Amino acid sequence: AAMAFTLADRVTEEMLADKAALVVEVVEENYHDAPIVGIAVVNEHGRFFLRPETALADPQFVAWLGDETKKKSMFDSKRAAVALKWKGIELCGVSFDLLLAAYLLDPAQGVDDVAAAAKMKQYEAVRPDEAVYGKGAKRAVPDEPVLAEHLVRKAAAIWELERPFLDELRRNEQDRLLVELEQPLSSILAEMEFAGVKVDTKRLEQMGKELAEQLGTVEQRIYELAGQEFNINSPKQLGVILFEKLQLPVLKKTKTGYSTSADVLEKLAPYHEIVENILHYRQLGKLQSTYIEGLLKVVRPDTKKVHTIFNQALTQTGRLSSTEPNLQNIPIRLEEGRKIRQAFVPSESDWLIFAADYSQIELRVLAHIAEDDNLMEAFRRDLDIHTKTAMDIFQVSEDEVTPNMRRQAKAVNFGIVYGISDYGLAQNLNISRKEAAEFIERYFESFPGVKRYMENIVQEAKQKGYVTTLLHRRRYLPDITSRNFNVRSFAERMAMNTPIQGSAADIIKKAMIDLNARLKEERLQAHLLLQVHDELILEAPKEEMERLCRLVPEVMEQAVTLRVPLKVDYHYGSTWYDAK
């Protein structure tokens, strides 16, 4: 059942038509400075397989790659583009990306290879990558005969599937979402990843020594208070020491034993001095393992830069994710871990780190979408939304709002977003269900429009089978009809949450696209480095700071127009840490 194709030893004219399905294979998961093991091209003239050494050394092929008028259809073009950037080659003209097309059609499928996407249209004349390359220790590039056939079949699938995918996207009203948002964004993410972020490894290594010391003191202390020695990182050994040897009370049980989660230990703290030391130990240990040692492992020794990979087709809400390393979860909440950020510095001398973040974008989106008069007015007055919520649900004046009141109103606001739950709120505020449900009820009394939205969005999810975001991203919720209370409730929360988190993601993605267009028009040297859900991190010459102070916020605030204003705060400094 083999597929016909030419295993070319040299590049020819017909291989350079103005439309083709292109495959530039990089098997290494992390594609940075990784090898391109083969190339496949399928067009009106036929199917071809080219050896990378050959094709990439050919002036005509490289020019075709960089010709914006020569259209290419691909799967995960960002992977190819970055792999090519490292080789000094530019990839242009990608008009269709099957990975992004599949992702928008149904994020739930978890499409990560051509075979998975093809299966959505009953196309199975191609094998899953894992079948061909294997995985883990067994992972490996097969011989040319098998490799060449696999790449050709993938190119063939892409070539065949483009039309049906575009047609459905069109029916879904997601055609612009792919062509004007996700695809252009893919090119921006590639530039960001390729650029990387400079790390002050000596700073990290010094912080590492200090931690190793402190971690050592707290460690001995723990063995001293426990009366012996054990693996504190062993939740199994810890549970025995705490609940058996020290007789501490059991407030929460896990699935395999006792629960030693911070939320539990926080309640045990009063009973024994070892609990605080275990918590502190848990802190320092997290910083050392993940952010010191874990980070140092992925810094490029030659450039001292870390090159993350943004997974643009994974989250169910439209958000990006980041790996190797994850630069979207760098410490900031606790001062000790926040210092980790001093290690992220500008990649050039006399340059600075500029960070801009949307203020309460999710709640503002909710105000717009629900059209709640009270909430819209609150933002129109640019009020401290948490103080305002407390004033309403506790019926008091601004002056009568105590810190504890605001803290709880804040927790209610956070819950309303993730999809309110009396039980979930109860655990968060450490109170009973009735009490939590009382707050929620009081909240809905103050924000009737929000309540109406929650009810209406759940109904719509059941009527249509999915919910959507501002820019037409969708999420199917089959569980919404489940007769199992728990399963159904999770789906209902997703129905409430996705349009909020999802619309917030659409907005920042568009802002990134708009911002890049503005930076180019202005010929500014400033460029994007990272995106952290609701914030943008850039680096630029110190001479560009003043222009950025006006430009970045404006572009971000004007990305979309809502019934309430969009607000962006910004800071800049010598290091990421100082950009506060």
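A residue's number is simply how far along the shown sequence it sits, counting from 1. Heads up, when I say rigid core I mean the largest set of C-alphas that superpose within 1.5 Å between the two forms.
Larger mean CA deviation from the shown form in 7 other deposited structures of this protein [core fit; 147-155 vs 206-214]
The stretch that sits farther from the shown form in 7 other deposited structures of this protein is 206-214.
Between 222-230 and 458-466, which has the larger RMS C-alpha deviation from this form in 7 other deposited structures of this protein after core superposition?
After the core superposition, the stretch with higher RMS deviation in 7 other deposited structures of this protein is 222-230.
Check the entry's C-alpha temperature factors for 283-291 and 261-269, then say which stretch has the higher mean.
Of 261-269 and 283-291, the stretch with the higher C-alpha B-factor average is 261-269.
Selected stretch [higher average CA B-factor]: 19-27 or 5-13
It is 5-13.
Quiz for you: based on the deposited Cα B-factor, which of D357, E336, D175, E191 is highest?
Max CA B-factor in the entry, restricted to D357, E336, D175, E191: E336.
By the entry's C-alpha temperature factors, tell me which of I385, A437, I330, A461 sits highest.
Among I385, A437, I330, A461, the highest C-alpha B-factor in the entry belongs to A437.
Going by the recorded CA B-factors, say which third of the chain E53 sits in, lowest, middle or highest.
Highest third of the chain for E53's C-alpha B-factor.
Among modelled residues of the same chain, the CA temperature factor third for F165:
It belongs to the lowest third of the chain when residues are ordered by C-alpha B-factor.
Ranked C-alpha temperature factor of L100 among modelled chain residues, by third:
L100: CA B-factor falls in the lowest third of its chain.
Chain thirds of CA B-factor: placement of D76
For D76, the deposited C-alpha B-factor lands in the lowest third.
If you rank the chain by CA B-factor, which third does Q183 end up in: lowest, middle or highest?
CA B-factor rank for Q183: lowest third.
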